[PDB]
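*Asks:* Structure file input14.tsv (TSV, N, CA and C atoms) is given on the next line.
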```tsv
chain	number	residue	atom	x	y	z
V	1	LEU	N	27.40	83.10	-24.23
V	1	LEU	CA	26.60	82.71	-25.38
V	1	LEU	C	27.49	82.39	-26.57
V	2	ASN	N	27.60	81.10	-26.90
V	2	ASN	CA	28.39	80.65	-28.05
V	2	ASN	C	27.47	80.51	-29.26
V	3	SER	N	26.88	81.64	-29.64
V	3	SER	CA	25.94	81.66	-30.75
V	3	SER	C	26.63	81.34	-32.06
V	4	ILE	N	25.94	80.58	-32.92
V	4	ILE	CA	26.45	80.29	-34.25
V	4	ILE	C	25.80	81.23	-35.26
V	5	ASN	N	24.59	81.71	-34.96
V	5	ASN	CA	23.85	82.54	-35.90
V	5	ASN	C	24.16	84.03	-35.76
V	6	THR	N	24.35	84.52	-34.54
V	6	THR	CA	24.50	85.94	-34.29
V	6	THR	C	25.88	86.25	-33.71
V	7	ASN	N	26.44	87.39	-34.11
V	7	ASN	CA	27.76	87.84	-33.65
V	7	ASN	C	27.68	89.36	-33.51
V	8	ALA	N	27.30	89.82	-32.31
V	8	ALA	CA	27.19	91.26	-32.06
V	8	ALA	C	28.54	91.97	-32.06
V	9	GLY	N	29.61	91.26	-31.70
V	9	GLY	CA	30.91	91.91	-31.62
V	9	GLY	C	31.42	92.35	-32.98
V	10	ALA	N	31.16	91.54	-34.01
V	10	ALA	CA	31.49	91.97	-35.36
V	10	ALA	C	30.67	93.18	-35.76
V	11	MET	N	29.42	93.26	-35.29
V	11	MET	CA	28.59	94.43	-35.59
V	11	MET	C	29.18	95.68	-34.95
V	12	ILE	N	29.65	95.56	-33.71
V	12	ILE	CA	30.22	96.72	-33.03
V	12	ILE	C	31.51	97.16	-33.72
V	13	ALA	N	32.38	96.20	-34.05
V	13	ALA	CA	33.61	96.54	-34.75
V	13	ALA	C	33.33	97.15	-36.11
V	14	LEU	N	32.28	96.69	-36.79
V	14	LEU	CA	31.96	97.22	-38.11
V	14	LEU	C	31.45	98.65	-38.02
V	15	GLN	N	30.58	98.94	-37.05
V	15	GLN	CA	30.10	100.32	-36.95
V	15	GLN	C	31.22	101.26	-36.52
V	16	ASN	N	32.15	100.78	-35.69
V	16	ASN	CA	33.30	101.61	-35.36
V	16	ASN	C	34.19	101.85	-36.58
V	17	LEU	N	34.37	100.83	-37.41
V	17	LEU	CA	35.15	101.00	-38.64
V	17	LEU	C	34.46	101.97	-39.60
V	18	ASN	N	33.12	101.92	-39.66
V	18	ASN	CA	32.40	102.83	-40.54
V	18	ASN	C	32.55	104.27	-40.06
V	19	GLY	N	32.56	104.48	-38.74
V	19	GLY	CA	32.79	105.83	-38.25
V	19	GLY	C	34.19	106.32	-38.54
V	20	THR	N	35.17	105.42	-38.44
V	20	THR	CA	36.54	105.80	-38.78
V	20	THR	C	36.67	106.15	-40.26
V	21	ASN	N	36.01	105.38	-41.13
V	21	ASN	CA	36.03	105.71	-42.55
V	21	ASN	C	35.33	107.03	-42.82
V	22	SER	N	34.29	107.35	-42.04
V	22	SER	CA	33.62	108.63	-42.22
V	22	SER	C	34.54	109.79	-41.89
V	23	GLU	N	35.26	109.70	-40.76
V	23	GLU	CA	36.19	110.77	-40.42
V	23	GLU	C	37.33	110.86	-41.44
V	24	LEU	N	37.79	109.72	-41.95
V	24	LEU	CA	38.86	109.77	-42.95
V	24	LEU	C	38.38	110.40	-44.25
V	25	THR	N	37.15	110.10	-44.68
V	25	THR	CA	36.61	110.74	-45.87
V	25	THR	C	36.42	112.23	-45.66
V	26	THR	N	36.06	112.63	-44.44
V	26	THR	CA	35.93	114.06	-44.15
V	26	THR	C	37.27	114.76	-44.26
V	27	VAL	N	38.33	114.14	-43.72
V	27	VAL	CA	39.66	114.73	-43.85
V	27	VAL	C	40.14	114.72	-45.29
V	28	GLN	N	39.76	113.71	-46.08
V	28	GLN	CA	40.15	113.69	-47.49
V	28	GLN	C	39.51	114.85	-48.24
V	29	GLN	N	38.22	115.09	-48.01
V	29	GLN	CA	37.57	116.26	-48.59
V	29	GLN	C	38.22	117.54	-48.11
V	30	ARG	N	38.57	117.59	-46.83
V	30	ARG	CA	39.09	118.80	-46.22
V	30	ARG	C	40.48	119.13	-46.76
V	31	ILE	N	41.23	118.11	-47.16
V	31	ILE	CA	42.52	118.32	-47.81
V	31	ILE	C	42.35	118.66	-49.28
V	32	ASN	N	41.39	118.03	-49.97
V	32	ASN	CA	41.08	118.36	-51.36
V	32	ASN	C	40.75	119.83	-51.53
V	33	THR	N	39.64	120.28	-50.94
V	33	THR	CA	39.26	121.67	-51.12
V	33	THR	C	40.21	122.63	-50.41
V	34	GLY	N	40.85	122.19	-49.33
V	34	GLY	CA	41.63	123.12	-48.53
V	34	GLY	C	40.76	124.08	-47.75
V	35	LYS	N	39.50	123.72	-47.53
V	35	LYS	CA	38.49	124.62	-46.98
V	35	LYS	C	37.76	123.89	-45.87
V	36	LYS	N	37.58	124.57	-44.73
V	36	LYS	CA	36.87	123.95	-43.62
V	36	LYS	C	35.38	123.78	-43.92
V	37	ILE	N	34.82	124.63	-44.79
V	37	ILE	CA	33.42	124.54	-45.20
V	37	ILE	C	33.42	124.61	-46.72
V	38	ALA	N	33.51	123.45	-47.37
V	38	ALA	CA	33.51	123.39	-48.83
V	38	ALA	C	32.11	123.42	-49.44
V	39	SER	N	31.07	123.25	-48.63
V	39	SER	CA	29.71	123.17	-49.16
V	39	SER	C	28.73	123.46	-48.04
V	40	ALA	N	27.45	123.60	-48.41
V	40	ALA	CA	26.41	123.89	-47.43
V	40	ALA	C	26.23	122.75	-46.44
V	41	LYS	N	26.55	121.51	-46.82
V	41	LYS	CA	26.45	120.40	-45.88
V	41	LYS	C	27.43	120.54	-44.72
V	42	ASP	N	28.57	121.21	-44.93
V	42	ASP	CA	29.54	121.36	-43.85
V	42	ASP	C	28.98	122.23	-42.73
V	43	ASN	N	28.45	123.40	-43.09
V	43	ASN	CA	27.73	124.26	-42.16
V	43	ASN	C	27.11	125.41	-42.95
V	44	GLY	N	25.78	125.48	-42.98
V	44	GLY	CA	25.12	126.32	-43.96
V	44	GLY	C	25.25	127.81	-43.70
V	45	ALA	N	25.27	128.22	-42.43
V	45	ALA	CA	25.22	129.65	-42.13
V	45	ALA	C	26.50	130.36	-42.55
V	46	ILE	N	27.65	129.87	-42.08
V	46	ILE	CA	28.91	130.49	-42.48
V	46	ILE	C	29.17	130.28	-43.97
V	47	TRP	N	28.65	129.19	-44.54
V	47	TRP	CA	28.82	128.98	-45.98
V	47	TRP	C	28.09	130.05	-46.78
V	48	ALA	N	26.82	130.31	-46.45
V	48	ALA	CA	26.08	131.35	-47.15
V	48	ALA	C	26.67	132.73	-46.89
V	49	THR	N	27.18	132.95	-45.68
V	49	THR	CA	27.84	134.22	-45.39
V	49	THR	C	29.05	134.41	-46.29
V	50	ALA	N	29.87	133.36	-46.42
V	50	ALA	CA	31.03	133.44	-47.29
V	50	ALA	C	30.64	133.60	-48.75
V	51	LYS	N	29.53	132.99	-49.17
V	51	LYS	CA	29.12	133.12	-50.56
V	51	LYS	C	28.75	134.56	-50.89
V	52	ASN	N	27.85	135.15	-50.09
V	52	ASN	CA	27.45	136.52	-50.38
V	52	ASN	C	28.62	137.49	-50.21
V	53	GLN	N	29.53	137.20	-49.27
V	53	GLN	CA	30.57	138.16	-48.97
V	53	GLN	C	31.67	138.09	-50.03
H	1	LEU	N	8.12	37.41	-10.77
H	1	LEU	CA	7.22	36.37	-11.26
H	1	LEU	C	7.65	35.87	-12.63
H	2	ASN	N	7.66	34.55	-12.80
H	2	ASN	CA	8.03	33.94	-14.07
H	2	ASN	C	6.82	33.77	-14.98
H	3	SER	N	6.19	34.87	-15.36
H	3	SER	CA	5.08	34.81	-16.30
H	3	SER	C	5.61	34.86	-17.73
H	4	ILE	N	5.48	33.75	-18.45
H	4	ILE	CA	6.02	33.67	-19.80
H	4	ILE	C	5.31	34.57	-20.80
H	5	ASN	N	4.05	34.94	-20.54
H	5	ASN	CA	3.31	35.77	-21.48
H	5	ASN	C	3.65	37.25	-21.39
H	6	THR	N	4.41	37.67	-20.38
H	6	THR	CA	4.60	39.09	-20.12
H	6	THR	C	5.97	39.34	-19.51
H	7	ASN	N	6.57	40.48	-19.87
H	7	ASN	CA	7.85	40.93	-19.32
H	7	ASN	C	7.76	42.46	-19.20
H	8	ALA	N	7.29	42.92	-18.03
H	8	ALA	CA	7.10	44.35	-17.81
H	8	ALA	C	8.42	45.11	-17.74
H	9	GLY	N	9.50	44.44	-17.33
H	9	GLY	CA	10.76	45.14	-17.18
H	9	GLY	C	11.35	45.58	-18.51
H	10	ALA	N	11.19	44.75	-19.55
H	10	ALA	CA	11.59	45.18	-20.88
H	10	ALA	C	10.74	46.35	-21.35
H	11	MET	N	9.48	46.41	-20.94
H	11	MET	CA	8.64	47.55	-21.29
H	11	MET	C	9.12	48.83	-20.62
H	12	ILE	N	9.51	48.74	-19.35
H	12	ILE	CA	10.02	49.93	-18.67
H	12	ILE	C	11.34	50.37	-19.28
H	13	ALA	N	12.20	49.41	-19.63
H	13	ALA	CA	13.46	49.76	-20.29
H	13	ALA	C	13.21	50.38	-21.66
H	14	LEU	N	12.18	49.92	-22.38
H	14	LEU	CA	11.84	50.52	-23.66
H	14	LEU	C	11.32	51.94	-23.48
H	15	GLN	N	10.57	52.20	-22.41
H	15	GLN	CA	10.12	53.56	-22.15
H	15	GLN	C	11.30	54.48	-21.85
H	16	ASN	N	12.27	53.99	-21.07
H	16	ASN	CA	13.45	54.80	-20.78
H	16	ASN	C	14.26	55.06	-22.04
H	17	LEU	N	14.42	54.03	-22.89
H	17	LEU	CA	15.15	54.21	-24.14
H	17	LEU	C	14.44	55.18	-25.07
H	18	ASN	N	13.10	55.16	-25.08
H	18	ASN	CA	12.36	56.09	-25.92
H	18	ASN	C	12.53	57.52	-25.44
H	19	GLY	N	12.55	57.73	-24.12
H	19	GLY	CA	12.78	59.07	-23.61
H	19	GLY	C	14.18	59.57	-23.91
H	20	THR	N	15.17	58.68	-23.77
H	20	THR	CA	16.54	59.07	-24.10
H	20	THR	C	16.68	59.37	-25.59
H	21	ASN	N	15.97	58.62	-26.44
H	21	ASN	CA	16.02	58.87	-27.87
H	21	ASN	C	15.39	60.21	-28.21
H	22	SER	N	14.25	60.53	-27.60
H	22	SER	CA	13.61	61.81	-27.89
H	22	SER	C	14.47	62.97	-27.42
H	23	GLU	N	15.15	62.81	-26.28
H	23	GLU	CA	16.08	63.85	-25.85
H	23	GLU	C	17.25	63.99	-26.81
H	24	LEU	N	17.72	62.87	-27.36
H	24	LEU	CA	18.80	62.96	-28.34
H	24	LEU	C	18.35	63.65	-29.62
H	25	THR	N	17.11	63.43	-30.05
H	25	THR	CA	16.63	64.12	-31.25
H	25	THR	C	16.44	65.61	-31.01
H	26	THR	N	15.94	66.00	-29.83
H	26	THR	CA	15.82	67.43	-29.59
H	26	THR	C	17.19	68.10	-29.49
H	27	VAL	N	18.19	67.41	-28.94
H	27	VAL	CA	19.54	67.97	-28.95
H	27	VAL	C	20.10	68.02	-30.37
H	28	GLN	N	19.74	67.04	-31.20
H	28	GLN	CA	20.18	67.08	-32.59
H	28	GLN	C	19.62	68.29	-33.31
H	29	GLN	N	18.36	68.63	-33.03
H	29	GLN	CA	17.76	69.83	-33.60
H	29	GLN	C	18.46	71.08	-33.07
H	30	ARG	N	18.79	71.09	-31.78
H	30	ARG	CA	19.49	72.23	-31.21
H	30	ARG	C	20.85	72.43	-31.87
H	31	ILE	N	21.49	71.33	-32.27
H	31	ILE	CA	22.83	71.41	-32.86
H	31	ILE	C	22.76	71.87	-34.31
H	32	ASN	N	21.87	71.28	-35.12
H	32	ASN	CA	21.95	71.66	-36.53
H	32	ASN	C	21.27	72.99	-36.79
H	33	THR	N	20.10	73.24	-36.18
H	33	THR	CA	19.43	74.51	-36.41
H	33	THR	C	20.22	75.67	-35.82
H	34	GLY	N	20.98	75.43	-34.76
H	34	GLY	CA	21.71	76.48	-34.09
H	34	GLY	C	20.87	77.34	-33.17
H	35	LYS	N	19.62	76.95	-32.93
H	35	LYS	CA	18.69	77.72	-32.13
H	35	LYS	C	17.98	76.79	-31.16
H	36	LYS	N	17.75	77.27	-29.94
H	36	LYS	CA	16.99	76.49	-28.97
H	36	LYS	C	15.49	76.57	-29.20
H	37	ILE	N	15.03	77.49	-30.05
H	37	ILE	CA	13.62	77.64	-30.38
H	37	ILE	C	13.57	77.92	-31.88
H	38	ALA	N	13.39	76.86	-32.67
H	38	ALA	CA	13.40	76.97	-34.13
H	38	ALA	C	12.03	76.86	-34.77
H	39	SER	N	10.98	76.64	-33.98
H	39	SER	CA	9.64	76.46	-34.54
H	39	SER	C	8.61	76.72	-33.45
H	40	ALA	N	7.35	76.84	-33.87
H	40	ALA	CA	6.27	77.04	-32.91
H	40	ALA	C	6.08	75.85	-31.99
H	41	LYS	N	6.51	74.65	-32.41
H	41	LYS	CA	6.38	73.47	-31.57
H	41	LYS	C	7.21	73.59	-30.29
H	42	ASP	N	8.30	74.36	-30.33
H	42	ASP	CA	9.16	74.51	-29.16
H	42	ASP	C	8.49	75.36	-28.09
H	43	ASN	N	8.23	76.63	-28.41
H	43	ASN	CA	7.54	77.54	-27.50
H	43	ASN	C	6.92	78.64	-28.35
H	44	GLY	N	5.59	78.67	-28.42
H	44	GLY	CA	4.93	79.46	-29.45
H	44	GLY	C	4.99	80.96	-29.23
H	45	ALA	N	4.94	81.40	-27.97
H	45	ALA	CA	4.87	82.84	-27.70
H	45	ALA	C	6.19	83.52	-28.03
H	46	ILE	N	7.30	83.00	-27.51
H	46	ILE	CA	8.60	83.57	-27.80
H	46	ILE	C	8.94	83.42	-29.28
H	47	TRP	N	8.48	82.34	-29.92
H	47	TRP	CA	8.72	82.18	-31.35
H	47	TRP	C	7.99	83.23	-32.16
H	48	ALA	N	6.73	83.51	-31.82
H	48	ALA	CA	5.99	84.55	-32.53
H	48	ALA	C	6.60	85.92	-32.28
H	49	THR	N	7.06	86.17	-31.05
H	49	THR	CA	7.73	87.43	-30.76
H	49	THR	C	9.01	87.56	-31.58
H	50	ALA	N	9.74	86.46	-31.75
H	50	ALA	CA	10.96	86.49	-32.54
H	50	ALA	C	10.66	86.73	-34.01
H	51	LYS	N	9.59	86.13	-34.53
H	51	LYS	CA	9.24	86.35	-35.93
H	51	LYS	C	8.83	87.80	-36.18
H	52	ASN	N	8.04	88.37	-35.27
H	52	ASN	CA	7.62	89.76	-35.45
H	52	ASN	C	8.80	90.71	-35.33
H	53	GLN	N	9.65	90.51	-34.33
H	53	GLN	CA	10.81	91.39	-34.16
H	53	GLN	C	11.81	91.23	-35.30
```
In structure tokens, how does this file's structure come out?
*Replies:*
Amino acid sequence: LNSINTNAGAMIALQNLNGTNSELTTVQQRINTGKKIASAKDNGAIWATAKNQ
Amino acid sequence: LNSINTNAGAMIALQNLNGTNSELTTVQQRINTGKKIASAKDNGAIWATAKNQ
């Protein structure tokens, strides 16, 4: 299919790039705080345990 | 037959030329629109499915 209107391969490469940027942003946060769970979004149970403790 | 009032062979050649011209126009639409089904005139069911999707 030599489509002129649609290009699924660029879509696949873009979603893969977005996932790579997500992991890189996670590592950037993880280096900033120096903490594996910097907030409740990281994992709420151990986060609340650490807060009360 | 040498009938001066009529020439059926030119009529048949004109019919063939008209069919070749109509095929050239539909290919012209396929080239500029970039789609094999760009309107309801082409195929209405798949076109309506494409519009809804």
*Asks:* Figure out the distance between atom C of residue 36 of chain V and atom C of residue 48 of chain V, please, to one decimal in Å.
*Replies:*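 So the answer is 12.8 Å.
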*Asks:* Taking only C-alpha atoms into account, which residues of chain H are within 12 Å of chain V, as a compact mmCIF listing (two decimals) with N, CA and C atoms, in the coordinates of the input?
*Replies:*
```txt
# COMPACT_ATOMS: atom_id res chain seq x y z
N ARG H 30 18.79 71.09 -31.78
CA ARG H 30 19.49 72.23 -31.21
C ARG H 30 20.85 72.43 -31.87
N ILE H 31 21.49 71.33 -32.27
CA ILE H 31 22.83 71.41 -32.86
C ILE H 31 22.76 71.87 -34.31
N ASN H 32 21.87 71.28 -35.12
CA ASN H 32 21.95 71.66 -36.53
C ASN H 32 21.27 72.99 -36.79
N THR H 33 20.10 73.24 -36.18
CA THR H 33 19.43 74.51 -36.41
C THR H 33 20.22 75.67 -35.82
N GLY H 34 20.98 75.43 -34.76
CA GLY H 34 21.71 76.48 -34.09
C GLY H 34 20.87 77.34 -33.17
N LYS H 35 19.62 76.95 -32.93
CA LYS H 35 18.69 77.72 -32.13
C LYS H 35 17.98 76.79 -31.16
N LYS H 36 17.75 77.27 -29.94
CA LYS H 36 16.99 76.49 -28.97
C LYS H 36 15.49 76.57 -29.20
N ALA H 38 13.39 76.86 -32.67
CA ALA H 38 13.40 76.97 -34.13
C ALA H 38 12.03 76.86 -34.77
```
*Asks:* Quick check for you: according to DSSP on this backbone, which residues of chain V are classed as helix (DSSP H, G or I)? Reply as a ChimeraX atom specification.
*Replies:* /V:8-33,44-52
*Asks:* So what do you get for atom N of residue 25 of chain H versus atom C of residue 39 of chain H, distance-wise?
*Replies:*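 Interatomic distance, atom N of residue 25 of chain H to atom C of residue 39 of chain H: 16.1 Å.
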*Asks:* Identify, on the basis of only C-alpha atoms, every residue whose closest approach to residue 46 of chain V does not exceed 9 Å; exclude the query and any residue fewer than 5 positions from it along the same chain; express the result as an mmCIF file with N, CA and C atoms, in the frame of the given file.
*Replies:*
```cif
data_model
loop_
_atom_site.group_PDB
_atom_site.id
_atom_site.type_symbol
_atom_site.label_atom_id
_atom_site.label_comp_id
_atom_site.auth_asym_id
_atom_site.auth_seq_id
_atom_site.Cartn_x
_atom_site.Cartn_y
_atom_site.Cartn_z
ATOM 1 N N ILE V 37 34.820 124.630 -44.790
ATOM 2 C CA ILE V 37 33.420 124.540 -45.200
ATOM 3 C C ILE V 37 33.420 124.610 -46.720
ATOM 4 N N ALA V 40 27.450 123.600 -48.410
ATOM 5 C CA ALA V 40 26.410 123.890 -47.430
ATOM 6 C C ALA V 40 26.230 122.750 -46.440
ATOM 7 N N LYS V 51 29.530 132.990 -49.170
ATOM 8 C CA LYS V 51 29.120 133.120 -50.560
ATOM 9 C C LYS V 51 28.750 134.560 -50.890
#
```
*Asks:* Kindly give the distance, in Å, that separates atom N of residue 50 of chain V and atom C of residue 26 of chain V, rounded to a single decimal.
*Replies:*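 Atom-to-atom, atom N of residue 50 of chain V and atom C of residue 26 of chain V are spaced 20.1 Å apart.
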*Asks:* Find the axis-aligned box for segment 30-33 of chain H, covering all its listed atoms and adding 8 Å on each side, and write its centre and edge lengths in Å to one decimal as JSON.
*Replies:*
```
{"center_x": 20.8, "center_y": 73.4, "center_z": -34.0, "size_x": 20.0, "size_y": 20.6, "size_z": 21.6}
```
